[PDB]
Structure formats: C-alpha cells, structure tokens
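Residue numbers (the authors' numbering), protein chains in the order written: chain A, 103 to 260, 263 to 476, 492 to 724; chain A', 103 to 260, 263 to 476, 492 to 724; chain A'', 103 to 260, 263 to 476, 492 to 724. A prime marks a further copy of an entry chain.
Even for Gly, the Cβ is constructed at its ideal location relative to N, Cα and C.
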Amino acid sequence: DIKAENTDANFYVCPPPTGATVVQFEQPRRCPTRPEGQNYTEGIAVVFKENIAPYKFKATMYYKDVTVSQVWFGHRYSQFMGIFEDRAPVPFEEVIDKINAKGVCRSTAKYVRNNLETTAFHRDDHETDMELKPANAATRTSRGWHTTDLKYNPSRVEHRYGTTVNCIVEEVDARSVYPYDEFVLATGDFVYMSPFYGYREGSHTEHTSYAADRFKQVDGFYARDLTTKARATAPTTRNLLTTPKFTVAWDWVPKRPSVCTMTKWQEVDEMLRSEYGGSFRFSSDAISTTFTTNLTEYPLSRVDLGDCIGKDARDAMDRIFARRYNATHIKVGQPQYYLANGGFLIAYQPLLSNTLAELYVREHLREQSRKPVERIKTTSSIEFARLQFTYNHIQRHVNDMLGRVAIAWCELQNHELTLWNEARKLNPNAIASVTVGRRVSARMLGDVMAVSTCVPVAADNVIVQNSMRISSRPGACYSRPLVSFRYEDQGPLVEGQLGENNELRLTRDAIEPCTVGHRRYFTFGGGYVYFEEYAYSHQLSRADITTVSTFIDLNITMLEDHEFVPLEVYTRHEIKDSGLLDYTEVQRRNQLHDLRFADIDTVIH
Amino acid sequence: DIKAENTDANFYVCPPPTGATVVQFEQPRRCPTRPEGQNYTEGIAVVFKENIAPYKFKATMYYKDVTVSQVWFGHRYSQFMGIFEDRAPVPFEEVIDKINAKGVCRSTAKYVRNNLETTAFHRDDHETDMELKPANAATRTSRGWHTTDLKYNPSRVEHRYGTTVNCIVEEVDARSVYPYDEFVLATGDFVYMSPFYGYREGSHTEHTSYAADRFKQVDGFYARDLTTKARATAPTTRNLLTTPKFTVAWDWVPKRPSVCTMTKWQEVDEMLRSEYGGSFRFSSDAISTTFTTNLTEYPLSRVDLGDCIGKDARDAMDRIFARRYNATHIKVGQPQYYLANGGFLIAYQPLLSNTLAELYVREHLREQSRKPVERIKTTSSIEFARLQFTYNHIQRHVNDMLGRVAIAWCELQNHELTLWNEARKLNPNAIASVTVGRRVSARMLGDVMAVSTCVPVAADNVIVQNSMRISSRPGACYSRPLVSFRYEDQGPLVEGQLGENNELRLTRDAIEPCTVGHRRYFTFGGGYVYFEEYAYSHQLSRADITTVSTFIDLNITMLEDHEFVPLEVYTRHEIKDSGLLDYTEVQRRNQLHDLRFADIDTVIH
Amino acid sequence: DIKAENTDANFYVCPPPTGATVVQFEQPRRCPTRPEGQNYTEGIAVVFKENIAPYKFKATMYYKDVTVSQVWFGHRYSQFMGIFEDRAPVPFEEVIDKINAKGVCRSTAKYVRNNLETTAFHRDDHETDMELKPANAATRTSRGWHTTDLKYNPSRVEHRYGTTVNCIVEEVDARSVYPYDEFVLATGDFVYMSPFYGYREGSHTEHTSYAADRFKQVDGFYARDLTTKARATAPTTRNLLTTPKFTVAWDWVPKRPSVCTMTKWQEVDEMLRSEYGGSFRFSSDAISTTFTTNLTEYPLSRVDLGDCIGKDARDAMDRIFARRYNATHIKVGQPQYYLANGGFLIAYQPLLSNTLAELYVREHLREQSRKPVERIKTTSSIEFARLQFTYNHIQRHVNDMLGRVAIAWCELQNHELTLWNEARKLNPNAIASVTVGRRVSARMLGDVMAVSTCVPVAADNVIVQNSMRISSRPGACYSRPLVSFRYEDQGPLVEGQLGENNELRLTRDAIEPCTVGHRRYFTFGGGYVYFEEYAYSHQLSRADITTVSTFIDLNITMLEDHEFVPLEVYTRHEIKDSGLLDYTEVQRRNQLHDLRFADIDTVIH
Ligand SMILES: *[C@@H]1O[C@H](CO)[C@@H](O)[C@H](O)[C@H]1NC(C)=O
Ligand SMILES: *[C@@H]1O[C@H](CO)[C@@H](O)[C@H](O)[C@H]1NC(C)=O
Ligand SMILES: *[C@@H]1O[C@H](CO)[C@@H](O)[C@H](O)[C@H]1NC(C)=O
Ligand SMILES: *[C@@H]1O[C@H](CO)[C@@H](O)[C@H](O)[C@H]1NC(C)=O
Ligand SMILES: *[C@@H]1O[C@H](CO)[C@@H](O)[C@H](O)[C@H]1NC(C)=O
Ligand SMILES: *[C@@H]1O[C@H](CO)[C@@H](O)[C@H](O)[C@H]1NC(C)=O
Ligand SMILES: *[C@@H]1O[C@H](CO)[C@@H](O)[C@H](O)[C@H]1NC(C)=O
Ligand SMILES: *[C@@H]1O[C@H](CO)[C@@H](O)[C@H](O)[C@H]1NC(C)=O
Ligand SMILES: *[C@@H]1O[C@H](CO)[C@@H](O)[C@H](O)[C@H]1NC(C)=O
Ligand SMILES: OC[C@@H](O)[C@@H](O)CO
Ligand SMILES: OC[C@@H](O)[C@@H](O)CO
Ligand SMILES: OC[C@@H](O)[C@@H](O)CO
C-alpha cells in the first residue's frame, strides 16, 4: 500500500546480540615526541677559495730599437734592399749612471747577439747622450719615453747602410703565476726568473734561467721620475735582469707575504655550525649556503703559501666582533679552520652569548679538541651548497610543523574516546555500526559490548502502516510508526515497527501517551515520511529540507607540477666570442697565407 | 581469595568532591584568519643583460706583398743571403681607379717606410697592370684575390737582388669592443680608429690615431664584385683607412643604431609583478625565476648606448600582445623599465583583463607614478633568481595549506566543546580525569564542576567477592561486583564495590532486579572478570577479546635528508683546454728557444 | 536590585520552536582516495655530454735553424748589417737514414724557399754529420735535441757573410679539433692535414692541403730513442709531413676509435626512470638530478663519431651490475639511449629484482618497443635538473602527507556525526546554536529538528531573585534561579527563570526536592552567581576560577621569507684575468709601438 517514495537507500533488521560476538574499544595509544631540537653554535666565518688570480706588479723595461736599412738608388726612385730591426739591452751601468741618474740615454747600442759583440751608432755619428721625452699619446697605456723620432737612411752619397737608434723605456705591467718561478710583461715577453729572486733572506733559492751577471741588485735605490724628475723619497731594492733583448727592473719584495694560493671570498657575520651525521654544517643565512665538513680541523701547515689566510681571517674576525658583538657576545677560543666539499676553506670563530657565560669552560674544552704543503682545488659552482641550504631549511619546517600535527592528532583521538565511551552507552547500535564499518546490533554486557550483524531488507519489500493510534488501547499512541516486510520477494510478510535510520524493529514496543499537534518526521528510505496527528500524511525526500553540517571544513589543494627548463645567461660560445681577438682563429688564418696566395712547391732554375 | 590475574594496571578510590576544588572549561578561542591574498599584476616583460658581444662588421683589406731576396751563387748550388718581406698600403687612388674600377692592380708598390719613399717593381720590370684572380682554395675562409703566384729571384746573370710584388685583397671580418674607438681585423691587425668614424653627422667626433689624409670617405660608392664583376645596385659610404701596412675599407653606418651595451635576453609572455617589502617581484612562471627591484623605474636616459632596448622592447611587446591578448586583455599605459639584482633590466608592460576594464583609470594613475650615462654589470649566474622563485612558490603552498589546517583545527575544538559539555554531565569522573590528565572524582555544582583527586590502591591489595546475589534481600541482584582492599600492605580491609575502570567505590549502592542469562564483563585490573548468572566464573586479559578502534588513523612520515654533492658539467680546466691553441703556453715555449738550443752568453772574437 | 556584576556578555530568551523551521544534519561525505603510487623502473645509466675536449696526441718535429748574418767591421768595433733566420724541413730520407737511423744529422740544409732551391753549409764548410745532443734544461718541456750551440760569424778575413746551421728535433704535443681535418703543434704551427690521414683503410679520404710527395708513410717503423738509443720493440705506421718550415712525424691510428663527439660524464648506479606527461624522468638520487626526455629512444646512428658511447656504456654497465646487482637483480633487455633537455645523452639499462622475475616476459616487450649524422649541443648548467629533482622530491612529500591528512580529516568528521547525533538529543539548544552559528531554540520532531531563533535581551535589563525556596509549597526548592527582565529599556518586567548559558526561560518549571549543603554556581553574565543553601550569596567573574581546557593544542608557525642574493665564486672578469698572457691586450700594445715611439708620416729626401 504505502511504499517508500525514495528508493536510493536500504533497510535493516537488527536482532538482539547474544554473547556470541563481543568486542572492545582500543585503548589510548602512545603519542610520539617532538624531537630534541638541534643545538646551533654561533660564530663568525670567512670563506676562502683556490686563488686563480695571477700575481701582479709593476716593472720598468729599458731597451734600444736598433735598426739598419739598406737602400738601392734608382734613377728616379729608391728601394729598400733590407731593413734589420733588433732590441738592445741597455746595460746595468747605463740605466744607473745615465738614465735614472740624469734622465738621458746614449745614442749607441753595444751588446752581444749571436755570440758577437755588435755595436750601433745613431746615424753612425760619434756617441751622443740624448734626453728622453715621453712617447706620443695613446689611450690606455703605461708610461714610456724615447730619444729618437725618425729613421736615418743613407743618402745616394756615402758604410753602404743607414743606422738608427731609439732608446726606449716603459713602465710595463708584470704578471706571474704559481709556482711563480718566472713572469711576463705587458708587451708579451717572458722573463724566466722568479719575481722574488734576489740576495736578501732565502730569496736566492728562487729560480733563474740566466747567468749571474745578467742579474744585479742595487741595495738602496732612489729612482727619479722621468717626467717629474722628482727623486724617490724612500729607497727600495731595485732588481735588474738583463735579457738578450732588454733590461727589466722592478722592486724586490719578500715572497710569502706578497702572494697566496687561497682567496678570501666572503665574510659571514653570522655563520652557524651544526653537528650531525659525523660532520659539520655551516649555514650562512644571508648567503643561503650550507657547507659540509669533517669534524676535524684542517692543518694550515699543510697549505702551500697561505700566509694571507690567518692574516685576513683575524682581520675580518677582529673587525666583525668589534661591530656586531662588541659587547653582545664573547669569543670561545681561537679561530679554527675546516675544509668543505667544493674546496672552500672555512675559518670559524665560535661565539657565545653573555647570557650563557657560565658554559664558557666546558665549550672551550670541546673546541680546542678539534685542533690537531699542497694546493686546494675549488669547484666553480656553489650551487649544491645553496641547494643544500635551501632543501634543509624547508625540510626542517615541513617535518617540524607536520610532526606537531601528528601529535595533536594522536592526543585528539585518545581524548575523543572518552566521548565514544559514553556515546555507545546511549545508542549502542549507532556507535557499533560506525565502528565495525557496517550495520550491526549491539548491547552492553557490563563493560564490553556484544554485537551481531544486521540483515539487509529489500527497499521494495517495506510498507508503512497508515495510522499510529491503537484501537485496542485508546488513550495511547505509539511514538514510532509500524511496518511490514519480507526478506525475500516471494516471501512472507513480517510485522514490526520503525527505528532510527531504517531499522526494522521486530517487536512493536515503543509507545507514548497520545497528544495533539503531534507531528513528526521519520527516516524512511532515501527520505522522510510525514505523520501528522498520529496519522499518515505524505512522503518526502532529504532534498526538501534545509541542511546544516556537523563537519568543520578543510580545502586542501595540491602543490602542482612545474618544469624547470634549461636557462642560461651567457652560453659557452657567447663567452668565447667575448674576446676581441682570437689567437687560434688568427694563427689558423695567418699560417694559411702562402697556401692561398703563393706557390710553395715549384722550384725555379 | 580471588585476586587480579592481570596486574599490569591500577585501582582508584574516588571519594565525593566537596566545594574545595572547582574548575571551569575554557571557552572557545578566537580563530586565526586566512591572510588577504596577494594581488598580482599581469604584464609582459623582456629581460636585458650586459652586452658582452663585440661589434661585428665586414671590411676589405688592400695591400701588397713586397719581397726582396738576395742570393749568393755557389759553384754547384745557391744560397739566400737575405729575404726581406713587407706590406705596402695600396693607395686610395689605386683602389678606386684600378682595383674597384677595372678589377686590376699595378705591379708596383710605392709607399713610405721608415720616413722614406721606397718603391718596388714586380721583377723590376716596367709597371704593369695585372688582373686579380681569386686566391687558392681553403676550408673556412673569407674571400681573397691576388695578381702574382711565384717569387722572382735573380739569375747568376744581372741590382744584385730580386724583387717580387703580389697585390692582395681580402674581405676580412672586423670586430670592435666598447668604447668602440678602435677595431680589429680577421688577420690580427689593429686599426686605431672608430668603426663609426667619418664626415656625416656627428661621426667626426669619433676617435682616430692617424693623420687626416690617411683617411678618406667616398660619398656614393658602387663597389663591384671581384669574382662576379657585378656592380653594386645601391651606393654606400665607403670608408678607407690607409695604415703603414695596408688600406682597409668598410661601409660607414651611424653609431647609436648599430650597437648597444645591453642584450635582449628573454621574452616572458606572462611576467607577474608583485609588490612587497618595499620592492617588486617579477616571477616568470615559465623561466622559473623571480626578480627583485626597487619600486622606482630606471632612467633609460642614464644608459650609455641603449637605443636597441626600447627598440626591441616595443617590438616584442607589440608582437606578443598581438598573439596572446590581442583581444583577451588591454594595455595599462606605456612600457616601464626596472633594474633587478643581478643587473637584469626589466622592461614591463602592465596588462589588464577586459573583465575589470572598469579599473583602468585608477591603475593607469598608479603606473605613471613610477615613471621618474653608465654601463650595467650583469652576474653570470641566474641561480639565485631560480632559487628565489622556487623557494617562494613552495613556501607559498606550505604556509597556505598549513594555515588552513590550523583554522580547521581551532574551529573543530571550539565545536567539540559542545560535546564535552554534555558528556561530563554523563560521567563527570571519566571526563574530569581526562581533563586534569589524572584520575579524579568530580560532581556538578550547577554550572561548574567540583573535583577531588583519587587515591591509588595497590594492585595486590584488591579482592573480588565470589557472588553477586544478596542473601538478606533475595529477588534482588547487584549490577556491579563487590570487593575488598587496603591502601597499605599491612593495612586493614575496606569494603566497597566495583565501578567503571577500576574505581573502588566505597558505598555498595548499585543494584538491579535479578535476572537470567545475566552474564557481564567488568574492567578488572589489566583485563576482565567474567561473571555468569550473578556468580563468578573466571578472569581474562584484554588480549582475549577482539579490539575495535575509535581513532581515525594517520600515517605521517618525515621527508628524509639528502646530500647535494658538488656537481659540474665542465670544470674550469676543461673550458680552458677547449681552446686548440694557447697563446701563453706557446709564447712560454717560443721564448725559451734560444735558452734550450743555443748559447746566449758567449762572445766570440 | 541584584543586577549582573559582569556585563561583558549577553542574555537570550528561546521560545519553543514550532514546525515553522526545520533542518537536517548533512550526511557523511565521500572521502578522497590516496593516488595510485607512481611505478619506478630500476636501472643503470651513464650520462654523456657534448665533447669539448680537443684530440690530443704526440708528434715529433725535425727542422733546421738556418741563419745568415752579415757584418760590417769598424775600426774598433763590429756591427751586424743583417741577420737572416729561417727554418729548413729536414727531408724524409735524412730523418730515416741519418737521424732515426744513427742519431745524427747533416750539417747542411737543402730545401725550397720562394721557388728556389737554396742551401746552407754549417760555417760554410764541407758537409759533416753531427750527433744530436739533448737541448739544455728547462722546467716544463717536451724533449729536444740539437747539433750546434754557437753562431758562426765571418772574421774581418774572408762569401762576405757567415752561415750557421743547427739541426733541431722536438717531441711536441699535438692537438686537433672537430672536424679534425687539420691540427696544431706545441710550438704554435698549424699543419693543414687530418691527424688520421694515410694509406690504410679509408684513411686516404682524410683532408690535406699539401702535394702528395710532401707526405710519406713508412709501413713498419721502429723508432729508436734519441737519448737511450734503445730501439722500439714494436713497429708502428710512422707518418711524415714535410711542410715548408719543418718535417713532422706521428703515429697513424684509425680515426673512429681514436675520437668521439660526446663525453662520458657520470655513472649512476641507481638511475630511476619514471613515466609521466608523455615523457620520461631520470632521477639520480645521488647526483640530485632529474632528466626529462621523449618516450622514444635516440638513434645512435644519427650521431657523428660516437663509437665511444656504446663502448663506455657497456663497460660501465657491465662493470656496475657485476658489483651491485651481480646476483641481486637481473637485466631487462639491451641498453637504451635517450636524449634529455640540456643535451645529455642517457644510456639506460632497465633492471629487475629476482623477486618479480615472473614479470620478465612482459617488461622485455615494453622495452624493446622503445627501440626505433649530427652533433649534440650541451648546456653548461645542470642547475635546472637539480632544481627539477629538488622541487619534485619536496612536492612529492608535501602533497603525499597533506593528502593523507585531508582524508584523516574527512573520516574524522563522518564519524563525529555519530556523536553530534546523540548529543543534540541531549541539549538540542546547545547543539542547535552551535550548528546555525547563532543562538536558537530547537526541539526534536521525530528524526528532524525544529528550530526558532532566540531574542537578545539587554545585559542591563536582567535581575536575579534573591531566594530559591518557594513559600507556597515549602519542602520544595527549585534547582535553577529565577529572574526578571525587559526586552526594552522603558519596557515592562517579565518573569522567568535561568537556564544554561544565560537563557532566560519564561516558564519557571525547574524544581527539585530541597536539600542541605546545596551550593551551586550559575552562568550569569560575564561570570557566575554564587548561591548557598538556596539563598543568594554573591557574584563572581570567570577569572576567579581555575580553567581547564577541552582543546588539544597545535602551534603551527609559518615558514618565513628568505632572500637569495646574487652569489658567485669567480666572476667573469676573474676568469678572464686567470690567463697569464692576454693575446688581445698584448697585440693592442704591440701594434701601437710605432705610433708612440716613432713618426709614421714624415718622408725624408
Ligand atoms: C643539545 O644539547 C644537549 C646537551 O648536551 C644534548 O644532550 C642534545 O643531544 C643536543 N640536541 C641535539 C639535537 O642533539
Ligand atoms: C673527511 O674524511 C673522509 C674520510 O672518511 C674523507 O674521505 C673526506 O675527504 C674528508 N672530508 C673533508 C671535506 O675533509
Ligand atoms: C579551495 O582553494 C582553492 C585555492 O587554493 C580554490 O581555487 C578552490 O575554489 C577552493 N575550493 C572551494 C570549494 O572553495
Ligand atoms: C589587494 O588589493 C586590495 C585593494 O587595494 C588591498 O587592500 C589589499 O591589501 C591587496 N592585498 C594584499 C595582499 O595586500
Ligand atoms: C634600490 O635602492 C637601494 C637604496 O635603498 C639601493 O641600495 C639599491 O641599489 C636599489 N636596488 C635596485 C635593484 O635598484
Ligand atoms: C606509512 O607510510 C609509509 C610510506 O610513506 C610506509 O612505508 C609505512 O609502511 C606506513 N606505515 C604503516 C604502518 O602503514
Ligand atoms: C602502476 O602499475 C599499474 C599496473 O600496470 C598501473 O595500472 C598503474 O597505473 C601504475 N601506477 C601509476 C601511478 O600509473
Ligand atoms: C621530443 O619531441 C618533441 C616534439 O613533440 C620535440 O620538440 C623535442 O625536441 C623532443 N624532446 C627530446 C628531448 O627528445
Ligand atoms: C610555537 O613554536 C615556536 C617555534 O616554532 C615558538 O617560538 C613559539 O613560542 C611557540 N608558541 C607557543 C605559544 O608556545
Ligand atoms: O698581410 C696579411 C698576412 O699577414 C696574413 O698572413 C694574415 O693572416
Ligand atoms: O721552430 C721552432 C721555434 O719557432 C720555437 O721557438 C717554437 O717554440
Ligand atoms: O720591444 C717592445 C716592442 O716589442 C713592443 O711592440 C711591445 O708592445
């Protein structure tokens, strides 16, 4: 007769549970603990890197442009038969007694060349001292001077050749590279001797490819400016090497101080040293890097030419404290040195707040414990350290915040059990069915709960009695409707009344005193049945009623994917191209010349 | 007699609480609010970088190979006494009237060299014009031409010398670098003048190291191809510089347009400008970068030679809109220019959706507000920007999703209080003990709760009466068992009955009407006691019963650690090595020659 | 009379709800599902990169220093008129019959130069064979030998010139670059022929710029050491190219094996191949990189000179398995080759655990499915791959852990509904007011809930009756206080008693049997009212009572912002500077010489 309007649901008959099946709620579980926070040491650090810069210094070249042209005289013209150009090494004595001394040069070259002592007279006249004037102007140039301007050629009248001599002096830039046993000039000439060669200290062990009299060292030299004529106010030690083609002078200075194989790279006001995994971590918050190192300091003794390290190390460390923690913190021992992957040498100065000044004694002892010739190689890319630093910092948070939640969760559950405990006491069925993940019947046998599964009844095989007032015992009116049903389609018809959430209770025992304005709704099928004044009215669907929710919401979204495409500022080729001249490309073209423009096989007779 | 089988637990006696101790549940707390979302401006952007590429252009060299050999004649052989090679600067007039004009050269050189006007006749014959033929073949070469192939040497019959002259013309590649006041050829020769030198416009202020008649500028030049003989269809302005060793010609073109000190680097269809921390952010989603900048635009006026910037800037910006937002969006003003860390110049075109077209007026005003000679230096690494971009994007999510949860949590708690409120009303003890984190006794004094701590009773000092049926008042049967106990080992024996979770209630007041099939379980010690038909049966352990849980699970795992090792494609050395010839290495070896193979000290007599 | 002491709150009158308004709790929602985990293939991989290294090999130069000086004799001095230096190509026959054969050279040069067969006699004496002695010492040098030490100059007695001849032999280093059709020496001389030129195999198709008799190839050559005199134990194929200035010999070896255009870069013991988005992913956990590729293998056939690839590919792959999975896993087919963005060629060997050995047949078929002249260009930066790898790994976790929580949340809610269901049954008002987010009145009409909003009553317009014992029916004593009030300020005074949380119930129906020690607290205003023995005592504030909480706590903090500043080890300039000599800088200075020190315009007569 009155069948379910909404069929998108199920019905259940839950017969009383015997001691057949009984379960117990799990007890509160043990909660995880926030990890003991990492301990960080404050400290200052300076980071050094393989020094790739060459040694630089000033030098002065003295030499002579010795030219000899030969000329054939045509009836109405002239033709060079030859033009011989050479370089004469102005000698020690002329550089001291003539040039430096008075600012003049002789007009004559006299040197060895191919094992013979040749000699050139300017214009082939008697020797004549000539004042040196600055070279002509030119953008981007060291200083320079010369005596002669033009070239002297023989007249038709006449020594069938013409000789020219131009005394030249330049303040070239010198550059040398490790091992620094030879150096180079601005002109492109090598000089096969150490820039630190000399007679003072152990400097005489330095390298040299030349005989002893080539080299000479004036001890107490006041050079005078060739433009201002001024005299040096302080003396130096002037070195003078005389090669076959020139005499080169610079100021000798002690080696060790002058150079270094590592380069101070960065200053980190707040470098943090963490201890983990049998290694150290040096996170520079500002620089966004984290260096990894053994727990053993590095022997600066093992370093080849590293005087500058501790020099700068202290300077920066002394200078930094004086500004940042001049009175904020206190040093904990002496600077220390560690070598990180990437070949970065970290000098570290462990700090300590005035707050925990009590801990000084202990700390100190654990720092001095770390205290125990070759070159260090440095990678070009610091990327891995910034990755490390980055990844670590994020991982840290993620884990931290997440951990905290895992706990907040656990605890929450433990407590909520105090709520399910009493709740099952109320509707053992509701609670039970929501614990076994299925519809069951259950009752309380003391402190445990007995259960028994329910049987699904067809949605078609359920019918609602039309009234709710008992004819037999008037003055009484049930509170829950009555129904009929069959577990099978062709099956018999069973009596019983309705219960919460489509439970077809067999025994019709629920009744209340009859009343007026007694209208109710009942969970019937996929919707509700509407009874008014203890008598049926009509059916509905859940859609007809305004919903409210018991769930706090949460809109979690995924961090979506992202592709990192190859991206580069300057490609390799751009860089190569960034050089105005290319030796290789040119050489290749230069040496092709006679192949493209001549004939290198034919033999004439 | 009947003692606890499972001893891994505790018992408690909770005596009624007086007004001595009373507490109140905390009220719902104030929840945090989702931060006002960041506002992003849509826009197009082009990124420029310090231009490191040299200026390139085509040039043509004209010069002459002037050779003079001298030969001694042996009885049965011949030996060169000398071989003098030089370069003659074909002069302006010959390049215009002979070469370019007819495709021929003279067989004679006539130039200044060492302040004398020498002259060479090919084979020392009368002057003779000679057609230029292409140079021989060679892989990877500019074009070239010449008149002569072989070298003329004197016979034993005879001017005791032989003269050769080969007119050479090459279409070399020229390259110049900022400040562009001088340039270089493909052969390796410098030319100390600006490629933009000339007589037109302000070009005459350009640089030059040569006298005025060296340089000449034909205004209206139709060059003819030396291979195809074709004549140029359009005239140019042919420059011609005549150096001591050659005459070099190229086409003068105005400077400013021709060059630039910044290089268009990338085009970003969707560049996003965010405003934060007194700076801007330019995230290129595609390129995975984020640039940081002041909120003030950059003066392109301040830029040295940046004509190309706005040139390309517009081009790309006009071209991009036309494709992407041709009708999707609308421009919001004129392109703007900002300078980011790393020295990347960002030209930006703020966009706007047709949707919010109403906001045009306001936006425009806030963009025009930003509108207000030196070179910009660019880092080689864009890594920090990709790190920035990366880190920012992840941080964003993390914070966002996490924030949302913190709230969902708060709210959840607030509501659940409506559940604890009523629950304590049920089992004030259970709820109380789970709020003070310890076992206590409590009752409800109106709206507050009175409490009093419980006393722990030894697990050994507890005993269960064997029956549950009162002899005095048969027909009645308690619902909770009875027990005995002592707070001390040597202590007296106290009477009382059992309660939920090992509570030893002193007063034995819980009783129910006697029934059949009345079996129950009771929380006794580390397990349960089993009573059947109001009479003891046996004890158990919680292990014997199937557990169900009231906790929703969560399997949170840590993001584990990871080490980023130094990783590099090409090391520094590999790069250096990538050059076929090494000037330094060679020079070093070349200049050693006379040290290894001769004797540079001995003087013969 | 007795008004609220604490006014920081509100009062409400909740009149019974009719069927006017009725709502329903939302049903449990459908929960999201953990995504099907990504399937990863185990495998070994080797990564190759554009080979930028030049080809290297050893070579030997044989040539002669032919010098001719001319000397004028002064009365008391001597002057070089000229010094002509040249290089003579020791010929094939002399290198085989004299030098290599006996370790001696002739004292005479005889070669073509400028199309004439000149000849030099050492000191102009009869020919004389001379043993070659090692060159002098010099740090960092290939081997070398020579016959002569000094230079022979003419005496005043006399052929008015002096001739010198020094036979030179050096074991130079050779270098060639793709296309490898020409190579270079350590001295700086080009040799325009392929290092792989010869007569064997197809080698004769190799390049050459020289006539056929220049080149000669001895098939079966036992070179003898010029220092140890030892003879080679095994013969080679000695090549000998005779250029105009020297004869250069090396050992011919087949091309293809000798070179390669890609360079084995890294070995990845555990490379993981993921399949996604129509592409592959190759995450190297160790190297912290992830490569992206099409799902189609790459044709090694398409590779120009890649013999070495598969050579090394197998070697590493065979060598690795043998160590790691020698018996742990099993190979799944033949090595495969893919090309990733960045131009990295990935050779991959899919693996498989002995565990799932059953799946072999299927897998194999899906791998062989992927199996199907130009050079590959490689970026210099691997950063994007490490970013990819990094970002992906973090994203993975975040999403994963978060997803899990979203679920744990959903479920939690669904269940808790079983708790709100029964709770509303208890205090329909409390529960209702905490579901509509506002204070309302509600009752249960069967399975739905009827509601009706409450009316706010002024905090000023509320008053508490002083007693709680009814005079009319003594022996009885209400459980809840009584009050008076007005909805308006000037309004009438309404009777009614107090309820939970400031609800002003109109009907005074709550009463209990009178008792002693009957003290209670009541939620009155911003605090409590204290009644003792059914008679008023005093008021309080919530501050006076010790609070306990029903909320599990959670301290979520934000991951804070961080700025990644431009950071670089060596700048671009530092790198450029890292070269001891700079061809460009020098050339620029060299070619300026005659501008600064002479006069290149004046013509003398
Ligand atoms: C921090 O210091 C304490 C005291 O030495 C130590 O026990 C603890 O292990 C440290 N924290 C961590 C994360 O190791
Ligand atoms: C640390 O010691 C290990 C030996 O276990 C060595 O391999 C490594 O080179 C050292 N690391 C540093 C950076 O000192
Ligand atoms: C969840 O949040 C995202 C933004 O992260 C938003 O796009 C989406 O509309 C939100 N979902 C709902 C149903 O509000
Ligand atoms: C977005 O725009 C509104 C309106 O100007 C502004 O008030 C708000 O601050 C902006 N959002 C953020 C994150 O600042
Ligand atoms: C922005 O202005 C600051 C001054 O506060 C200056 O130091 C910085 O160079 C400027 N940044 C950029 C990228 O314009
Ligand atoms: C938790 O998840 C991880 C994978 O992230 C898994 O390895 C582990 O077995 C899980 N724990 C349990 C108990 O399921
Ligand atoms: C893993 O393998 C199964 C079986 O082929 C497949 O159905 C599933 O899609 C794979 N997992 C993922 C993430 O695709
Ligand atoms: C893959 O194929 C696409 C065509 O859709 C092509 O553009 C790309 O170059 C290929 N990628 C690789 C790395 O092979
Ligand atoms: C929350 O945790 C942070 C550390 O992440 C801490 O600084 C802060 O004090 C904590 N808040 C409280 C109230 O404990
Ligand atoms: O004068 C051009 C000549 O020096 C060539 O060898 C340049 O490559
Ligand atoms: O002929 C070799 C000679 O030029 C050397 O100086 C090369 O280093
Ligand atoms: O002797 C110096 C001369 O060679 C210059 O051209 C160097 O730049």
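Under 8 Å between beta-carbons, which chain A residues line up against residue i? List them in chain order, please.
i	result
residue 186 of chain A'	182, 183, 184 and 185
residue 437 of chain A''	Ordered by position in chain A, no residue passes the 8 Å Cβ test against residue 437 of chain A'', which lies about 29 Å from the chain.
Measuring from the CB of residue i, is there a heavy atom of ligand 4 at a distance below 7 Å?
i	result
residue 139 of chain A'	yes
In angstroms, rounded to a whole number, what distance separates the CA positions of residue i and residue j?
i	j	result
residue 241 of chain A	residue 288 of chain A'	16 Å
residue 600 of chain A'	residue 111 of chain A'	18 Å
residue 135 of chain A'	residue 449 of chain A''	51 Å
residue 438 of chain A'	residue 461 of chain A'	17 Å
residue 606 of chain A''	residue 574 of chain A''	8 Å
residue 166 of chain A'	residue 408 of chain A	55 Å
residue 213 of chain A''	residue 197 of chain A''	14 Å
residue 490 of chain A	residue 363 of chain A''	Note on chain A: numbering goes from 476 to 492 directly, and residue 490 of chain A within that interval has no coordinates.
Who are the neighbours of residue i on chain A, taking C-beta pairs under 7 Å?
i	result
residue 687 of chain A'	498, 499 and 500
residue 219 of chain A''	722
So which residues on chain A'' does residue i lean against when the C-beta distance must stay under 9 Å?
i	result
residue 150 of chain A	Neighbours of residue 150 of chain A on chain A'': none; closest Cβ ~11 Å, over 9 Å.
Residue i: beta carbon under 7 Å from a heavy atom of ligand 10?
i	result
residue 484 of chain A	Placed between 476 and 492 in the numbering, residue 484 of chain A has no coordinates, as chain A goes from one to the other without interruption by modelled residues.
Let me check you understand the geometry: is the CB of residue i closer than 7 Å to at least one non-hydrogen atom of ligand 6?
i	result
residue 533 of chain A	no
residue 509 of chain A''	no
Run down chain A' in chain order and give the residues with a C-beta less than 9 Å from the C-beta of residue i.
i	result
residue 409 of chain A''	Those within 9 Å of residue 409 of chain A'' in chain A' number zero; the least Cβ separation is about 17 Å.
Cβ closer than 7 Å: which chain A'' residues qualify as neighbours of residue i?
i	result
residue 292 of chain A	700, 705 and 709
Taking C-beta pairs closer than 8 Å, name the residues in chain A'' that residue i reaches, listed in chain order.
i	result
residue 509 of chain A'	506, 509 and 510
Query raised in the report: Of all residues in the structure, which have a C-beta closer than 6 Å to any heavy atom of ligand 5, taken in chain order?
Result: A':397, A':398, A':443, A':444 and A':445
Report task. Starting from the N-terminal side, write out each stretch of the beta strand (DSSP E) that is 3 residues or longer and does not extend beyond the region 652-711 of chain A'. Result -> 654-658 and 665-667
Query raised in the report: Where in the region 352-384 of chain A' do unbroken runs of the beta strand (DSSP E), each at least 3 residues long, occur, reported from the N-terminal end onward?
Result: 366-372 and 375-380
Query raised in the report: If you measure from each residue's Cβ to the nearest non-hydrogen atom of ligand 9, which ones come out under 6 Å, in chain order?
Result: A'':674 and A'':676
Query raised in the report: What are the uninterrupted segments assigned as alpha helix (DSSP H) that are 4 or more residues long and contained completely in the region 535-608 of chain A, given in chain order?
Result: 547-552
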